[PDB]
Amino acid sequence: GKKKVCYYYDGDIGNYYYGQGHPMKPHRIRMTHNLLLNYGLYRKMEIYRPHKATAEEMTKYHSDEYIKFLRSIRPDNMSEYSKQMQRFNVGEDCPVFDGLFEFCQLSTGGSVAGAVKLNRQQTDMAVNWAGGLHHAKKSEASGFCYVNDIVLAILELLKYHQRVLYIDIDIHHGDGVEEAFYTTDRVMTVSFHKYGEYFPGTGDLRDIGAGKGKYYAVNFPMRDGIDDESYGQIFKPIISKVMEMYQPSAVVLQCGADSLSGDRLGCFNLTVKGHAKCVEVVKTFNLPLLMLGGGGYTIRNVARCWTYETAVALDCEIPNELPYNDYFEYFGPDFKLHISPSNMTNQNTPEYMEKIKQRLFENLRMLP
(Lines of atoms letter the chains of each structure in order from A and count residues from 1; the text may use other names and numbers.)
(Lines give C-alpha, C1' and ligand atoms only; values in the text may rest on other atoms or scores of the structure.)
Protein backbone atom coordinates (compact mmCIF):
# COMPACT_ATOMS: atom_id res chain seq x y z
CA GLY A 1 0.00 0.00 0.00
CA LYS A 2 1.02 3.62 0.67
CA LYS A 3 4.40 4.07 2.33
CA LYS A 4 5.82 6.40 5.00
CA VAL A 5 8.38 8.90 3.59
CA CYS A 6 11.08 10.77 5.52
CA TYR A 7 12.78 13.60 3.67
CA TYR A 8 16.16 15.12 4.56
CA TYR A 9 17.06 18.72 3.77
CA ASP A 10 19.13 21.57 5.12
CA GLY A 11 18.11 25.07 4.01
CA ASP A 12 21.78 26.09 3.78
CA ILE A 13 22.58 23.55 1.03
CA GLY A 14 21.55 25.88 -1.80
CA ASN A 15 24.12 28.51 -0.76
CA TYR A 16 27.24 26.42 -1.57
CA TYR A 17 28.88 27.64 -4.78
CA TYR A 18 31.38 25.68 -6.86
CA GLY A 19 32.55 28.82 -8.71
CA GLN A 20 32.00 30.78 -11.91
CA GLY A 21 31.06 28.53 -14.82
CA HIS A 22 31.04 25.30 -12.78
CA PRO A 23 28.01 23.26 -13.91
CA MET A 24 27.26 21.84 -10.43
CA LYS A 25 24.68 24.13 -8.80
CA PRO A 26 23.61 23.18 -5.26
CA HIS A 27 20.81 25.80 -5.65
CA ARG A 28 18.96 23.11 -7.66
CA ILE A 29 18.28 21.33 -4.30
CA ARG A 30 16.64 24.52 -2.94
CA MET A 31 14.58 24.82 -6.18
CA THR A 32 13.45 21.19 -5.76
CA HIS A 33 12.51 21.82 -2.12
CA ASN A 34 10.59 25.01 -2.89
CA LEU A 35 8.67 23.39 -5.75
CA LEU A 36 7.67 20.33 -3.72
CA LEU A 37 6.63 22.66 -0.82
CA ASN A 38 4.43 24.71 -3.21
CA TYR A 39 2.80 21.45 -4.46
CA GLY A 40 1.90 20.73 -0.78
CA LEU A 41 4.03 17.56 -0.58
CA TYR A 42 5.15 18.62 2.98
CA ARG A 43 1.70 17.66 4.40
CA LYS A 44 2.36 13.99 3.59
CA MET A 45 6.00 13.39 4.69
CA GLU A 46 8.23 13.87 7.76
CA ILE A 47 10.86 16.53 7.01
CA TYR A 48 14.18 16.33 8.88
CA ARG A 49 17.27 18.56 8.90
CA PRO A 50 20.16 16.10 9.01
CA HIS A 51 23.11 16.52 11.33
CA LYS A 52 26.51 17.55 9.96
CA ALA A 53 28.29 14.16 9.50
CA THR A 54 31.55 14.14 11.45
CA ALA A 55 35.03 13.48 10.02
CA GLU A 56 34.96 10.27 12.10
CA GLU A 57 31.69 9.17 10.39
CA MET A 58 33.31 9.83 6.97
CA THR A 59 36.40 7.78 7.83
CA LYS A 60 34.22 4.64 8.04
CA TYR A 61 35.08 4.59 4.28
CA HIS A 62 37.45 7.42 3.39
CA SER A 63 41.09 7.59 4.44
CA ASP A 64 42.01 9.63 7.51
CA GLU A 65 44.45 11.74 5.43
CA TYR A 66 41.86 12.56 2.76
CA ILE A 67 39.19 13.59 5.32
CA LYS A 68 41.74 15.67 7.30
CA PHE A 69 42.62 17.42 4.02
CA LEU A 70 38.94 18.19 3.21
CA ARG A 71 38.37 19.57 6.73
CA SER A 72 41.51 21.81 6.48
CA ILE A 73 41.62 23.22 2.97
CA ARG A 74 40.07 26.62 2.24
CA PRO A 75 40.39 29.13 -0.65
CA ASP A 76 42.61 31.35 1.63
CA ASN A 77 45.14 28.57 2.42
CA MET A 78 45.02 26.59 -0.94
CA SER A 79 48.57 27.75 -1.87
CA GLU A 80 50.00 25.70 1.02
CA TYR A 81 48.23 22.50 -0.19
CA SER A 82 49.34 22.25 -3.86
CA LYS A 83 50.87 18.77 -3.19
CA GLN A 84 47.79 17.31 -1.44
CA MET A 85 45.43 18.89 -4.02
CA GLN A 86 47.10 16.85 -6.76
CA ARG A 87 47.15 13.69 -4.62
CA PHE A 88 43.42 14.01 -3.82
CA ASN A 89 42.26 15.27 -7.26
CA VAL A 90 41.10 18.64 -5.99
CA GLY A 91 41.39 21.11 -8.83
CA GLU A 92 39.30 21.92 -11.89
CA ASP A 93 36.36 19.45 -11.55
CA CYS A 94 36.45 19.34 -7.78
CA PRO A 95 37.41 22.84 -6.65
CA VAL A 96 38.11 24.28 -3.24
CA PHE A 97 35.15 26.49 -2.34
CA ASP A 98 33.94 28.32 0.79
CA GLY A 99 32.26 25.82 3.11
CA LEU A 100 33.35 22.73 1.09
CA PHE A 101 33.61 20.54 4.20
CA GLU A 102 30.24 21.66 5.58
CA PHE A 103 28.65 20.94 2.17
CA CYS A 104 30.11 17.39 2.41
CA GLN A 105 28.82 17.06 5.99
CA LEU A 106 25.26 17.96 4.97
CA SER A 107 25.17 15.81 1.82
CA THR A 108 26.51 12.87 3.86
CA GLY A 109 24.40 13.58 6.95
CA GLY A 110 21.19 13.22 4.97
CA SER A 111 22.13 9.81 3.51
CA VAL A 112 23.44 8.37 6.76
CA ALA A 113 20.43 9.74 8.70
CA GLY A 114 18.06 8.17 6.16
CA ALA A 115 19.85 4.82 6.48
CA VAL A 116 19.57 4.98 10.33
CA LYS A 117 15.83 5.71 10.03
CA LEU A 118 15.36 2.70 7.69
CA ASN A 119 17.45 0.50 10.05
CA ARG A 120 15.19 1.48 12.95
CA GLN A 121 12.13 0.45 10.86
CA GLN A 122 10.71 3.95 11.37
CA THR A 123 10.12 4.67 7.65
CA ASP A 124 9.52 2.81 4.41
CA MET A 125 11.40 5.38 2.28
CA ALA A 126 14.04 7.99 3.10
CA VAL A 127 14.93 10.74 0.58
CA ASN A 128 18.09 12.85 0.40
CA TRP A 129 18.25 14.86 -2.83
CA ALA A 130 21.56 16.43 -1.72
CA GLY A 131 23.18 12.96 -1.74
CA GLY A 132 24.03 10.42 -4.44
CA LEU A 133 27.69 11.53 -4.91
CA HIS A 134 28.77 8.27 -6.47
CA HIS A 135 32.11 9.33 -7.94
CA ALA A 136 34.03 10.02 -4.70
CA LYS A 137 36.67 7.43 -3.91
CA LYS A 138 38.39 6.29 -0.68
CA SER A 139 41.19 8.88 -0.97
CA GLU A 140 40.19 10.98 -3.98
CA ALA A 141 37.57 13.48 -5.09
CA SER A 142 36.17 12.96 -8.60
CA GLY A 143 33.44 14.24 -10.88
CA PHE A 144 32.28 17.09 -8.62
CA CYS A 145 32.04 14.59 -5.66
CA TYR A 146 34.20 14.69 -2.54
CA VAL A 147 32.64 12.39 0.07
CA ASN A 148 30.79 9.25 -0.97
CA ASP A 149 27.60 9.58 1.02
CA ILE A 150 26.24 6.47 -0.76
CA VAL A 151 29.02 4.17 0.43
CA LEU A 152 28.64 5.52 3.98
CA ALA A 153 24.86 5.03 3.91
CA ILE A 154 25.29 1.45 2.60
CA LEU A 155 27.82 0.68 5.36
CA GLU A 156 25.13 1.90 7.82
CA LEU A 157 22.46 -0.34 6.20
CA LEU A 158 24.87 -3.32 6.35
CA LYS A 159 24.70 -3.16 10.17
CA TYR A 160 21.12 -4.57 9.94
CA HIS A 161 20.86 -5.97 6.38
CA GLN A 162 22.74 -9.00 5.06
CA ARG A 163 22.31 -7.98 1.41
CA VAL A 164 21.89 -4.44 0.09
CA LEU A 165 20.99 -3.64 -3.51
CA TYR A 166 22.32 -0.40 -5.05
CA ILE A 167 20.68 0.85 -8.33
CA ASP A 168 22.05 3.88 -10.20
CA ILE A 169 20.15 5.67 -12.99
CA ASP A 170 22.46 8.68 -13.26
CA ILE A 171 23.93 9.04 -16.78
CA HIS A 172 27.43 8.40 -15.37
CA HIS A 173 28.77 5.06 -14.22
CA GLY A 174 28.46 4.62 -10.41
CA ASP A 175 32.21 3.97 -10.16
CA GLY A 176 32.97 4.94 -6.55
CA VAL A 177 30.18 2.78 -5.18
CA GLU A 178 31.04 -0.15 -7.48
CA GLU A 179 34.72 0.02 -6.46
CA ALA A 180 33.97 0.21 -2.72
CA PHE A 181 32.02 -3.04 -2.84
CA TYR A 182 33.69 -4.78 -5.82
CA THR A 183 34.92 -7.80 -3.83
CA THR A 184 31.87 -8.43 -1.61
CA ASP A 185 28.56 -10.23 -2.18
CA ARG A 186 26.89 -8.17 0.63
CA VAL A 187 26.16 -5.34 -1.83
CA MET A 188 25.04 -5.77 -5.42
CA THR A 189 25.69 -2.64 -7.54
CA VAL A 190 23.62 -2.12 -10.71
CA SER A 191 24.49 0.87 -12.93
CA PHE A 192 22.75 2.00 -16.18
CA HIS A 193 24.95 4.60 -17.88
CA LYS A 194 26.36 6.13 -21.02
CA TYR A 195 29.51 4.17 -21.96
CA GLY A 196 32.03 5.10 -24.64
CA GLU A 197 34.29 8.23 -24.72
CA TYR A 198 32.49 9.42 -21.61
CA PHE A 199 33.23 10.25 -18.00
CA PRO A 200 34.38 8.42 -15.89
CA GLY A 201 35.41 5.74 -18.46
CA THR A 202 34.42 2.67 -16.45
CA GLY A 203 31.32 0.47 -16.42
CA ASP A 204 31.95 -1.98 -19.26
CA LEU A 205 29.43 -4.82 -19.60
CA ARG A 206 32.34 -7.19 -18.70
CA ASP A 207 33.05 -5.54 -15.30
CA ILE A 208 31.16 -8.00 -13.12
CA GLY A 209 33.03 -7.99 -9.80
CA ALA A 210 35.94 -9.98 -8.39
CA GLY A 211 36.54 -12.66 -5.73
CA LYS A 212 33.48 -13.10 -3.50
CA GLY A 213 31.96 -10.14 -5.42
CA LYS A 214 32.08 -11.92 -8.83
CA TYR A 215 28.59 -11.52 -10.40
CA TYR A 216 27.63 -8.88 -7.78
CA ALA A 217 28.47 -5.84 -10.00
CA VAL A 218 26.13 -5.26 -12.99
CA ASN A 219 26.75 -2.66 -15.71
CA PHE A 220 24.37 -1.76 -18.55
CA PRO A 221 26.39 0.33 -21.03
CA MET A 222 24.33 2.68 -23.22
CA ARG A 223 24.82 4.96 -26.22
CA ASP A 224 23.56 8.51 -26.79
CA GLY A 225 19.91 9.31 -27.02
CA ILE A 226 18.25 6.64 -24.93
CA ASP A 227 14.53 7.32 -24.62
CA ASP A 228 11.67 6.25 -22.32
CA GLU A 229 10.89 3.33 -24.67
CA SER A 230 14.40 1.91 -24.67
CA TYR A 231 14.77 2.33 -20.89
CA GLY A 232 11.36 0.64 -20.48
CA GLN A 233 12.48 -2.39 -22.56
CA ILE A 234 15.10 -3.25 -19.92
CA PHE A 235 14.72 -1.59 -16.49
CA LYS A 236 11.84 -3.59 -14.95
CA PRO A 237 13.00 -6.98 -16.44
CA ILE A 238 16.57 -6.47 -15.10
CA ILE A 239 15.54 -5.19 -11.66
CA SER A 240 12.94 -8.00 -11.37
CA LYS A 241 15.59 -10.61 -12.15
CA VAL A 242 18.06 -9.01 -9.71
CA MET A 243 15.38 -8.95 -6.95
CA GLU A 244 14.53 -12.63 -7.64
CA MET A 245 18.15 -13.83 -7.59
CA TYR A 246 19.72 -11.54 -5.00
CA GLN A 247 16.78 -11.13 -2.58
CA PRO A 248 18.08 -7.93 -0.93
CA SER A 249 16.58 -6.69 2.34
CA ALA A 250 17.28 -2.96 1.66
CA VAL A 251 17.71 -0.88 -1.50
CA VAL A 252 19.54 2.35 -2.33
CA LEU A 253 18.41 4.11 -5.54
CA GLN A 254 20.57 6.91 -6.95
CA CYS A 255 18.26 9.15 -9.08
CA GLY A 256 20.80 11.35 -10.88
CA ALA A 257 18.85 13.66 -13.20
CA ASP A 258 21.64 14.10 -15.77
CA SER A 259 20.00 11.17 -17.67
CA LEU A 260 17.09 13.54 -18.62
CA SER A 261 16.50 14.99 -22.06
CA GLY A 262 18.01 18.47 -22.43
CA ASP A 263 20.67 18.07 -19.71
CA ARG A 264 23.60 20.48 -20.16
CA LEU A 265 26.21 17.73 -19.71
CA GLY A 266 24.26 14.58 -20.53
CA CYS A 267 23.34 13.02 -23.86
CA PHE A 268 20.24 10.94 -22.97
CA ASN A 269 16.60 11.66 -23.87
CA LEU A 270 14.46 10.49 -20.95
CA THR A 271 11.44 12.48 -19.80
CA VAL A 272 10.64 13.03 -16.09
CA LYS A 273 7.93 10.31 -16.42
CA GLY A 274 10.46 7.89 -17.95
CA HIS A 275 13.04 8.59 -15.25
CA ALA A 276 10.37 8.33 -12.48
CA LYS A 277 9.13 4.99 -13.82
CA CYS A 278 12.39 3.61 -12.31
CA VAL A 279 11.34 4.86 -8.86
CA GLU A 280 7.89 3.28 -9.38
CA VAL A 281 9.50 -0.08 -10.36
CA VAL A 282 11.83 -0.16 -7.34
CA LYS A 283 9.24 1.11 -4.84
CA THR A 284 6.89 -1.71 -5.95
CA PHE A 285 9.13 -4.40 -4.33
CA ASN A 286 8.15 -2.99 -0.91
CA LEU A 287 11.62 -3.03 0.58
CA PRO A 288 13.29 -0.37 2.81
CA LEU A 289 14.43 2.21 0.26
CA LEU A 290 16.87 5.12 0.38
CA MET A 291 16.36 7.52 -2.60
CA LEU A 292 19.25 9.84 -3.38
CA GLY A 293 20.05 12.61 -5.84
CA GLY A 294 23.04 12.82 -8.17
CA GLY A 295 23.95 14.72 -11.30
CA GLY A 296 21.66 17.08 -13.21
CA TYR A 297 22.67 20.32 -14.90
CA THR A 298 19.53 21.89 -16.50
CA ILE A 299 18.32 22.90 -13.07
CA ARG A 300 14.65 23.57 -13.91
CA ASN A 301 14.48 19.89 -15.06
CA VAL A 302 16.27 18.61 -11.97
CA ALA A 303 13.67 20.38 -9.78
CA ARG A 304 10.82 18.94 -11.87
CA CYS A 305 12.32 15.42 -11.76
CA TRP A 306 12.93 15.25 -8.04
CA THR A 307 9.63 16.93 -7.18
CA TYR A 308 7.80 14.32 -9.29
CA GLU A 309 9.85 11.45 -7.80
CA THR A 310 8.98 12.70 -4.28
CA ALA A 311 5.26 12.61 -5.33
CA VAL A 312 5.84 9.06 -6.70
CA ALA A 313 7.37 8.00 -3.33
CA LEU A 314 4.26 9.38 -1.58
CA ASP A 315 1.74 7.83 -4.09
CA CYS A 316 0.48 11.43 -4.51
CA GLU A 317 -0.85 12.68 -7.84
CA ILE A 318 0.19 16.27 -8.59
CA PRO A 319 -1.01 18.50 -11.46
CA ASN A 320 1.09 19.22 -14.53
CA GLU A 321 0.36 22.98 -14.09
CA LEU A 322 3.17 24.21 -11.81
CA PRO A 323 2.13 26.03 -8.66
CA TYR A 324 3.56 29.52 -8.12
CA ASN A 325 6.95 29.29 -6.32
CA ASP A 326 10.12 31.30 -5.63
CA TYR A 327 11.70 30.19 -8.88
CA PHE A 328 8.63 30.29 -11.13
CA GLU A 329 10.42 32.12 -13.93
CA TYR A 330 12.96 29.29 -14.27
CA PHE A 331 10.13 27.04 -15.56
CA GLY A 332 9.11 29.15 -18.55
CA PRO A 333 7.98 29.29 -21.24
CA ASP A 334 5.48 26.52 -20.40
CA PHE A 335 5.32 26.49 -16.57
CA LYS A 336 4.51 22.75 -16.59
CA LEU A 337 6.00 19.88 -14.56
CA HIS A 338 6.49 17.36 -17.36
CA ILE A 339 8.93 17.62 -20.22
CA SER A 340 9.00 16.48 -23.84
CA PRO A 341 11.85 14.45 -25.35
CA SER A 342 14.01 16.09 -28.00
CA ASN A 343 14.35 14.88 -31.63
CA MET A 344 17.88 13.50 -31.00
CA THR A 345 18.65 10.13 -32.53
CA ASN A 346 18.50 7.20 -30.17
CA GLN A 347 21.69 5.25 -30.94
CA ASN A 348 20.50 2.36 -28.72
CA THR A 349 18.69 0.13 -31.18
CA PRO A 350 15.97 -2.14 -29.79
CA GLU A 351 18.23 -5.10 -30.81
CA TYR A 352 21.17 -3.68 -28.84
CA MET A 353 18.96 -3.21 -25.75
CA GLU A 354 17.73 -6.80 -25.87
CA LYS A 355 21.22 -8.16 -26.52
CA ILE A 356 22.82 -6.37 -23.53
CA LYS A 357 19.86 -7.48 -21.36
CA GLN A 358 20.43 -11.09 -22.46
CA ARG A 359 24.16 -10.91 -21.55
CA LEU A 360 23.25 -9.51 -18.10
CA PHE A 361 20.64 -12.28 -17.61
CA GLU A 362 23.42 -14.87 -18.33
CA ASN A 363 25.52 -13.34 -15.52
CA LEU A 364 22.51 -13.26 -13.15
CA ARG A 365 22.07 -17.05 -13.70
CA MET A 366 25.47 -17.41 -11.96
CA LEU A 367 24.19 -16.19 -8.58
CA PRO A 368 23.61 -18.95 -5.94
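Note that residue numbering begins at 1 and tracks the sequence as displayed.
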On average, which has the higher Cα B-factor in the deposited entry, 93-101 or 256-264?
93-101
Would 131-139 or 228-236 have the larger average of its C-alpha temperature factors, as given in the entry?
228-236
C-alpha B-factor winner, where the candidates are 35, 305, 29, 316:
316
Looking at the temperature factor on the CA atom of residue 80, which third of the chain's modelled residues does it land in?
highest
Rank-wise, by C-alpha B-factor, drop residue 241 into the lowest, middle or highest third of its chain.
middle
Pull the Cα B-factor of residue 159 out of the PDB entry and bin it into the chain's lowest, middle or highest third.
highest
In terms of its chain's C-alpha B-factors, the third that includes residue 299 is the lowest
Ranked against its chain, the third holding the CA B-factor of residue 280:
middle
